[PDB]
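In what follows, every heavy atom counts, from backbone to side chain, and hydrogens, waters and symmetry copies are set aside. Just so we're on the same page: letters track the sequence lines, and every chain starts at 1.
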Amino acid sequence: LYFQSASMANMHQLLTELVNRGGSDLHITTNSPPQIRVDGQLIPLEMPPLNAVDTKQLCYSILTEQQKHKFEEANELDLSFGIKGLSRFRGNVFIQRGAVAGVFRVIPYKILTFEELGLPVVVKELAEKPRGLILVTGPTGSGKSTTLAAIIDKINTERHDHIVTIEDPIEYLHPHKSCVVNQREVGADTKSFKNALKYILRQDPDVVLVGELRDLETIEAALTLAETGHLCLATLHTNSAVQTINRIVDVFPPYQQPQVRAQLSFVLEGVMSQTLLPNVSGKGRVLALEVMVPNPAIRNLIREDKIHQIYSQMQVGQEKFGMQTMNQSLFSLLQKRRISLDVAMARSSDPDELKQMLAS
Amino acid sequence: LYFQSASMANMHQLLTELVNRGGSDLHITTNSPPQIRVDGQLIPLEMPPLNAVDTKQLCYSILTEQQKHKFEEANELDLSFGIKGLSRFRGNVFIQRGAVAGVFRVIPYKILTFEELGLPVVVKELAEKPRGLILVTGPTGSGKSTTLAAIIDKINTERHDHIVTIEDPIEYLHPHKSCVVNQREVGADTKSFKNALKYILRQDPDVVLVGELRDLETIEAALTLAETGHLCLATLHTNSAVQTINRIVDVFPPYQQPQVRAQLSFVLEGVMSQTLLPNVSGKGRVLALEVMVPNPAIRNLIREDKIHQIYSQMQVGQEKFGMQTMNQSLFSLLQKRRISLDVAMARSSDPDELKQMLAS
Amino acid sequence: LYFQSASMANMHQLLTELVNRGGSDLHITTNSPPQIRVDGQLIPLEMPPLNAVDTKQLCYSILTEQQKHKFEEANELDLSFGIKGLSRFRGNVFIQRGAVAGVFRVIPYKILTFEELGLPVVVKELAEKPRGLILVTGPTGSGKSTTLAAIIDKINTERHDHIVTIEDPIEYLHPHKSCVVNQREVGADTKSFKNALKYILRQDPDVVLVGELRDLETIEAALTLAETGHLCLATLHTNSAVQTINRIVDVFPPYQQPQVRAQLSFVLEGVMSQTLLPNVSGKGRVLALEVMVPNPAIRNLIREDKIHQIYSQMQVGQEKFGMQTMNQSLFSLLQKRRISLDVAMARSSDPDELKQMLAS
Amino acid sequence: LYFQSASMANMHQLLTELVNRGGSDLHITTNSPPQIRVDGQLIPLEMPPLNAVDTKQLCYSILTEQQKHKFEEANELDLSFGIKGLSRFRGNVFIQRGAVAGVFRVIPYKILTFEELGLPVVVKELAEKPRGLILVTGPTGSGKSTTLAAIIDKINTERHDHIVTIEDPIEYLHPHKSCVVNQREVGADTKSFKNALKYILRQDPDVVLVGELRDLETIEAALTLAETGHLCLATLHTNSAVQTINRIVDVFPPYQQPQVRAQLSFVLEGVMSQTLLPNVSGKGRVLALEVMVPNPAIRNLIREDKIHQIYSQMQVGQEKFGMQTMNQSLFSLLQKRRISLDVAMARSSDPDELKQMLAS
Amino acid sequence: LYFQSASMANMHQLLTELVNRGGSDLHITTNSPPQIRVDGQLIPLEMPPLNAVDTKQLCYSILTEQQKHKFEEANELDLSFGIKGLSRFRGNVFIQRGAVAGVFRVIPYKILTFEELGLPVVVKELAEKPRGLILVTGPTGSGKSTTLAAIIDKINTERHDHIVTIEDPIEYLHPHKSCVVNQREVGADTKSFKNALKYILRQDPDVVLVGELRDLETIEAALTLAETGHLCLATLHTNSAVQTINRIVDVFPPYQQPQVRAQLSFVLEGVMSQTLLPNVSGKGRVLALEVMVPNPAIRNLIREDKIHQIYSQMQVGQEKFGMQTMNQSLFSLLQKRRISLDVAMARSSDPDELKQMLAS
C-alpha cells in the first residue's frame with residue numbers, strides 16, 4: 001500500500017515546464033526530483049524526490065494500453081506522442097533497479113536550416129539534386145538527423161513530390177508544405193526496414209529517406225531507388241567518403257562487387273561524413289565535415305575499383321565543386337579556433353597531412 | 001472519439017475522379033487533401049485535409065475482412081481490385097505516424113505496344129521465339145514490367161498457348177485472347193516464388209513468366225522450363241548482358257558452373273538490359289536498352305567460359321542480329337537529343353568507348 | 001512430511017548477524033549450520049544444521065512470487081534486495097543434491113576510494129575525462145567492478161551528468177549525488193545487453209557503463225557513444241592493453257578493421273588491465289595493474305596497424321602520462337614485498353624482461 | 001491383465017542384498033532374475049525370471065511422479081536416490097525391447113584415498129595447491145572420478161573453504177567436513193554446465209569442480225576461476241599433458257590463442273592424464289599415469305607456443321618435481337609386472353622410446 | 001462404404017502360412033493376393049486379390065493404438081512383434097497409392113553360426129576378444145547384421161557379461177544365455193543413437209553394439225567404451241579397412257586427428273569389410289570379406305598417419321594373423337567358382353593386382 005507523492009505534478013505540467021524553459025530532455029527516475037536539460041545543463045525541478053509509484057504513473061500516463069502491455073513484456077518502450085497545443089515528444093520508458101524510469105525529449109516544430117547548422121553551401125546544392133543517391137554518414141549522434149531534416153525541409157518547400165521516410169526512430173517531424181510527406185517509424189509504423197522497403201516502390205515516392213544501410217537488402221533497395229529516378233537519402237556509420245564507398249561494395253559477394261561499383265558510379269550524387277567535436281570551450285560541440293561530390297574522374301575511379309584515389313580528387317576539388325576533406329574541415333576549424341589542436345589531431349585520419357597544412 | 005470529415009467523399013468518387021482526370025496515382029494520407037498525380041505532377045483535390053478517421057475509412061472501404069486482419073497484424077498490405085465500370089487498381093496501405101495511409105494506382109486496360117515503348121524491332125522478333133530462355137534485366141522501375149507486358153500481350157494475341165505468370169506483384173493484367181492466361185500474384189495467389197514454381201510443370205504451361213531469378217532454385221526451374229520446350233520469360237537486376245550471364249553462373253557451386261553454362265548456351269534466346277534515364281528536360285524518362293541475341297559464336301563463348309568476350313560480338317551485331325550495346329543505345333539517344341551528355345556518360349560502363357564513338 | 005528445525009532463526013536474524021559480525025558472505029545449505037565468511041574465513045553459526053525445509057524457507061523468504069516461479073522453472077535465481085535499516089544484499093539461490101541452497105552477499109553502502117584500492121593517481125586522472133572510451137579489462141573477479149565503482153562514484157560526485165550503467169549483475173549501488181544515476185541489471189531490469197543498448201541513445205545519457213564487450217554489436221555501441229561526446233566505460237576479459245586493442249579489432253570483418261582502428265585511435269582515452277594476485281602471505285590479494293594512456297604516438301600506432309609496438313610507448317610513459325606496464329607493476333609489487341617472485345614471474349608475459357628490471 | 005511374479009521381492013530387499021554382498025551393480029531386466037555385480041562378476045539372484053510388470057514396478061518404486069513423467073516422455077532416466085540407513089545409489093532406467101529396464105549402482109559413503117588408488121605422492125601435493133587450474137584427464141571410466149573424489153576429500157578435510165561442484169553426473173558424494181560442499185548434478189540440479197557456471201562466481205566458492213571442458217564457454221569459465229584465486233578442478237577427454245594443452249588452445253579462434261596460452265601458462269598447476277589398463281591377470285585393472293607439473297621453463301614453453309617441447313621437461317623432471325611421462329608409468333608397470341608387454345606397447349604413444357627404456 | 005474380401009484370412013493365418021512354408025517375407029498390398037517369398041521367389045497365395053480395406057485391416061491387426069496413431073501421422077511405421085507359438089516378426093507398414101501396404105519378415109529364433117555364414121576362423125577369434133573396438137563395415141544389406149548377430153551369440157554363450165545393443169532396427173534377437181542382454185531399438189526403445197549413448201556408461205555394460213558411426217559424437221562414445229575396458233562392436237558403411245580408418249579420422253577437426261589416430265591405434269582390435277556378391281548362378285549371394293587384424297606394425301602405421309600403407313601388412317598377414325584383403329577374398333571365391341570373373345573384377349579396388357594373383 002504505497003502512494004504517490006503529496007500533491008504530485010502530472011506529466012502535462014512537467015512537459016509544459018520542459019518546453020517553457022526551452023529544455024530538451026525530461027528525466028523521470030526514482031529518488032530524484034524530475035530533472036530537465038536546458039542547453040546541456042541538467043537541472044532538478046523544485047519538487048520532492050520521486051518514488052517508484054510516481055515513476056510508473058507518470059510514464060504510464062502518456063501510454064496507450066497496447067504500449068503498456070508491450071513495455072511490461074519487454075521492459076523497454078520507445079515512442080512518440082503529442083500533447084495538444086504544446087509539443088510533440090519522444091519517450092523512452094525502461095526499468096532500472098526494479099523501478100520504472102523514463103526519458104522524454106522535445107520534438108521541435110521548427111527545423112534548423114543549413115545557415116543555422118553552419119553547413120556549407122554545397123550541402124544546399126545537394127538538396128537540389130533531382131535524382132540519385134545521397135549518403136549522409138557518421139556515428140549516430142553526429143548531427144546526421146539535423147542534416148537530413150534540413151535537406152528534407154528544403155525539398156518539401158521547393159518541390160511538389162512525395163516524400164516517404166523510414167526512420168529508426170523518427171527524429172524531426174515534417175508538416176506538408178509543397179510535398180506530401182509520409183514518415184514511417186521502424187518498430188511502430190513498420191516492423192522493420194526490410195518490411196517498409198518491400199513496398200516502397202508501390203507507394204509512388206519521389207524522395208526516400210532510408211534510415212541506415214544495415215545489410216545487403218537495404219543497400220540494394222537504396223541503389224534501386226536511385227537507379228530509377230528517385231532521390232534516395234541514406235545513412236552509414238562510416239567516417240570518410242572512401243570508407244563509406246568501400247563499405248558499400250565490400251559487404252557484397254565478390255562476384256557482385258563489379259556491378260555494385262558500376263551502380264554506385266552511376267547513381268552516387270554526394271557523400272557527406274560528419275563528426276561533432278567539442279569546442280574549445282568544452283561546453284558545446286562543432287561539426288566537422290567531409291564532402292565528396294562525384295565528378296567524371298571520380299565516377300571512373302569508383303567503377304574501375306581505384307576507390308582510395310578518390311581522396312586526391314577531394315583535395316583539389318573544393319572551390320569549383322564544393323568538395324572538402326575532413327582534414328580541410330579540421331584545418332578550417334583550427335583557423336577559426338573552434339576546436340583544439342589535440343582534438344583535431346586525434347580525429348584526423350592523417351595527422352601528418354594536417355600537420356603539413358598547418359605549416360601552411 | 002473522433003468523426004470523419006464533413007460530407008466526406010468515398011473511394012468510388014475519389015478513384016472515379018482519378019481516372020477521369022487522366023491520373024495515375026491517388027494518395028490518401030492525413031493533414032493533406034487527397035492528392036492525384038497527373039503526367040508526373042502531384043495535384044491536391046478541391047476538398048479539406050483528411051484526418052486519421054478519413055484515411056482509415058477510405059483505405060478500409062476497398063478491403064475484405066481478411067485483408068483488414070492481414071493489414072492490422074502486418075502494418076503492410078498490398079493488393080489489386082476493380083471498380084466495375086471504371087478500372088482495375090493496385091492499392092497499398094501502410095501506417096505512417098500512427099495513421100493509415102494509402103497509395104492507389106491505375107492498372108490500365110490497354111497494354112502499350114513496342115512502338116509506343118520505343119522498343120526496337122529486335123524485341124518484337126524475340127517475342128516470336130517458340131522456345132528457350134529470355135531475360136529482361138534491370139532495376140525494378142526501369143520498365144521491365146511494361147516490356148514484359150508487351151511481349152506477353154503479343155504472345156497472347158498470336159499463339160494458342162497456356163501462359164502462366166508468377167508476379168510480385170502483378171503490374172499489368174491480361175484478358176484471354178488466343179492463349180489461356182493464368183497469373184499468380186506472390187503474396188496473394190501463391191505464398192512465394194518457391195511454392196508457385198514447385199508445381200509449374202504440373203500446370204501444363206507453354207509460356208512462363210518466372211519473375212526475378214532470386215535463388216538457385218528459381219534459376220534451375222527457369223532453365224528446366226527453357227530446356228524442355230517452354231518459353232521462359234524472366235528477370236534479373238543486372239545492368240548488362242555480360243553481367244547478367246555471369247550472375248546466372250556465379251551463384252552456383254563451382255562444380256555445377258560447367259553444367260549451367262552449357263545449359264545457358266543451349267537455351268538462352270535473348271537478354272535485354274534496361275535503364276530509364278531522365279530526358280534532357282528532366283520532366284520525363286527515356287529508355288536505354290542493351291540487347292544481346294545469341295549466335296553460334298556467343299553460345300560457344302558462354303559454354304567455354306569466355307563470357308567477357310560476348311561484348312565484342314554485340315558491337316558488330318546490329319544489322320544481322322539486332323543486337324545493341326548499352327553504349328550504342330546511349331549513343332543513339334544522344335544523336336536524337338533525348339538524353340544529355342552528363343547523364344549518358346555517368347551511366348556508361350565504358351565512358352572512353354562512348355567518347356570514341358561520339359568522335360565519329 | 002517434514003518440518004523446519006526447532007525455533008529456527010529467520011533470514012532477517014541471519015543477515016543481521018552477518019552484517020553485525022563484519023561478514024561478507026552468508027551460506028545457506030543443508031547438513032550445515034548457516035555459515036558466514038569474515039575477512040576470508042568461513043565460520044559456522046552457533047545453531048543446529050539446516051535441513052531441506054530450512055533452506056527452502058529461508059531462501060524463499062527473501063523472494064517475490066515471480067522470483068519463486070522464475071527459480072522453480074530454472075533452478076537458478078540471482079537477485080538484489082534490501083532489509084530496511086540494515087543493508088542491501090545480493091542473493092543467489094540454486095539447487096544442489098535436490099535441495100535449495102543460498103549464498104548471500106553484502107552490498108556495501110560506502111564505495112571504496114582509489115587510495116583504498118591502491119589505484120595509482122593516473123586512474124583518478126582518467127576518471128576526470130570528459131569524453132571517449134575507457135576500458136577496464138581482466139577476469140571477472142580481478143576487481144573490475146570495484147575499479148569501475150570508484151570511477152563512477154567520483155564522476156557522480158563531481159559532474160552534473162546522467163549516468164546509465166548496464167550490469168551483469170550490479171555489484172555496487174550508487175545514490176544520486178550530483179549526477180542522475182540509472183542502473184539496469186541484465187536478467188532483471190533489462191533482458192540483455194542487446195536490449196538495453198538498443199535504446200541507450202534515446203535515454204539522454206552522458207556517461208555509460210556498458211559492461212563486457214561480448215559482441216560486434218556491443219563494441220559498436222560503445223564506439224558510437226565514445227565518438228559522439230559521451231564517456232563510455234567498458235570491460236573486456238583481456239590481460240593487457242595490446243591484447244585488449246587487438247581483440248577489439250580482430251572480431252570484426254577484415255574490411256571493417258581499418259575503420260575500427262581509426263575509431264579506436266580517436267576515442268580511446270585509456271585502458272586498464274588488472275590482476276588480483278595472492279600476497280606473499282596467501283591470506284589476501286594485491287592488485288597488479290597495467291595502464292595505457294594514449295598519446296599522439298600511440299593513436300598513430302593503432303590507426304596504422306602497428307599495435308604490438310604500443311608496448312614500447314608504455315615502458316617510458318610513467319612520468320609524463322602515468323602509464324605502466326604489467327611488468328612495471330609486478331616489479332613495483334616485488335620492491336614493496338607485496339607478492340612473491342614465483343607468483344610474479346608466473347604472471348609475467350615477459351619473464352626475461354622482469355628479471356632484467358630486477359637486476360637493476 | 002498381467003501380474004507380477006509370485007511373492008516378488010521389492011527394491012528395498014534387492015538393494016539391501018546388493019549392499020550386503022559388497023556388490024556394485026544391480027541389473028533389473030526381463031527374462032532374467034535380478035543380477036548383482038560383486039567385484040566384477042555378474043551373479044543371478046536365486047529368484048524367478050522377471051517379467052515386464054516386475055521391471056516397471058521395481059524401477060518405478062524408486063521414482064517420484066515428476067521423474068516418472070520425465071522417463072515416459074524420454075524413455076531415458078538417470079538419477080541418484082538414498083535408502084535411509086542403507087546407502088545412496090545411482091539409477092538408470094530405460095526401455096529395451098518394449099519393456100522397462102534398470103541399472104542401479106552403489107554410491108559409497110567412504111571415498112578411496114590416494115594410497116588406496118595407488119596414486120603417487122605428487123597427486124597429494126597437487127591437492128594442496130591453494131590456487132589455479134588442475135586438469136585430470138582421460139576417457140570417462142579411466143578413474144578420473146575416483147581421483148577427483150580423493151582430491152576433494154582431502155581439501156574438504158584440510159581447508160575451511162566453499163567447495164562447489166558441477167557434475168554430469170555426481171559420482172561420489174561428500175559430507176561436510178571442514179569445507180562447505182555444494183554438489184550440483186547436471187540435468188537435475190542444474191540444466192547444463194552453461195547454466196551452473198553462469199552464476200558460479202555469485203556463489204562465493206573457493207574450490208570448483210567443473211565436470212568436463214566441453215566448449216569455449218566452459219574453458220573460459222575454468223580459466224577465469226583459476227585466474228582470480230580459486231582452485232579450479234576440471235576434466236578433458238585427452239591422453240597426454242601435451243594433447244591436453246593443445247586441445248585447450250586449439251578450439252579457440254586463432255586471434256585468441258596467444259591470450260589463452262598466456263592464461264594457461266599463468267594458471268596451470270598440474271595436468272594428470274589417466275588410463276586404466278588390464279592387469280596381466282585379465283581380471284582387474286591398473287592405472288597408468290602421466291603427470292605434468294608446471295615449472296618456470298614449461299610456463300615459458302606454453303606461452304611461446306612450443307607446446308610439444310614440454311614432454312622433454314617431463315622426462316627429466318620426475319624426482320624433484322614429481323613429473324612422469326606415460327611411457328615412464330608404463331615402464332614402471334612392466335617392472336612390477338602389473339601389465340603385459342603387448343598392452344603396454346599398444347597404449348604407448350611412443351613404442352620406440354618405451355622399447356629403448358626397456359633396453360635399460 | 002466398402003467391405004473386406006469374403007471370408008478373408010487374418011494375419012495369424014497368413015503368418016502361420018508364411019512360416020510353415022519356409023518363407024521369409026510376406027507382402028500385403030492391394031490388387032494382389034498375399035505374396036510370400038520362399039528361398040528368393042515371390043509366390044502368390046491361393047486366395048483372391050486384396051482390396052484397400054483388407055490391407056488396412058490386416059496391417060492394423062498387428063498394431064497397438066499408439067502404433068496406429070504414429071502411422072497415421074507419419075505414413076510410415078516399422079516394428080517388431082511376436083505370435084505366441086509361432087515366431088517373432090518384423091513388420092513394415094506404409095502408404096502406396098492411397099492404400100495401406102505391409103511387408104512382414106520372419107525373425108529366426110536360431111542364430112546362424114560362423115561356419116554356416118562362411119566366415120573364416122579369424123572372425124571367431126575376434127569374437128573372443130576381451131576389450132577394444134571391433135568394426136564390421138559395408139553397405140546395410142551386406143550381412144553386417146548376421147555377422148554381428150553371430151559374434152554376439154558367441155559372446156552371450158561364452159561370457160558372463162552385460163551386453164547392450166543399440167540397433168536400427170533390431171535384426172536378430174538374443175535370449176539370455178550366460179550374459180545379460182539388453183537390446184534397444186532406435187525409433188522405439190530409444191529415440192536416437194544420441195539418446196541411447198548419452199547414458200550407456202551408466203548402464204554397466206561390458207559389451208556394446210553401437211551401430212553405425214554416424215556422428216562425431218557416436219564415434220567418440222565408441223572410442224570411449226573401447227578405451228575403458230569394454231568391447232565395442234560397431235558399424236560403418238566403408239568398403240575397406242583403409243577406407244574405414246580414414247573415415248574415422250577425417251570427420252574430426254584437424255587438431256583432434258592426432259588424438260583419434262592415437263586412440264584408434266590403441267583400441268582397434270579388428271576391422272571387417274563385407275560384400276554380398278551374386279553367385280555365378282545369380283540366384284543367390286556369396287560373401288566377400290576383407291579382414292584387418294592389427295599388429296604392432298599396423299598400430300604404428302595408424303598413429304604415425306601412414307594409413308594407406310596398412311594394406312601392405314594385410315597382404316602378408318594370413319598365416320599369422322588371419323588377415324585377408326578384399327582381393328585375396330575375391331581370389332578365393334574365384335578358385336572355388338563361387339563368383340564370376342566379371343563380378344569379381346568390377347568389385348575389385350585393384351583389378352591389376354587381382355589379375356596378377358590369378359596369373360600365379
One should read off an interatomic distance between C:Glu220 CD and C:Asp215 CG, to the nearest 0.5 angstrom, of 10.0 Å

About how many Å separate CD1 of A:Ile307 and CZ of A:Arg261, when rounded to the nearest 0.5 Å?
6.0 Å

Is it true that [Y] and [X] share a donor-acceptor pair across their side chains at a distance under 3.5 Å?
{"X": "C:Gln263", "Y": "C:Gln256", "result": "no"}
{"X": "B:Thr275", "Y": "B:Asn239", "result": "no"}
{"X": "A:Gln315", "Y": "A:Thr325", "result": "no"}
{"X": "C:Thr224", "Y": "A:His237", "result": "yes"}

Sub-4.5 Å side-chain heavy-atom contact between A:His174 and A:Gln183:
yes

Cationic N near anionic O, under 4.0 Å, [X] to [Y]:
{"X": "C:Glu269", "Y": "C:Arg299", "result": "yes"}
{"X": "A:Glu212", "Y": "A:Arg214", "result": "yes"}
{"X": "C:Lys320", "Y": "C:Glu125", "result": "no"}
{"X": "A:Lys283", "Y": "A:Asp39", "result": "no"}
{"X": "B:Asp352", "Y": "B:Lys355", "result": "no"}
{"X": "A:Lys194", "Y": "A:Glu217", "result": "yes"}

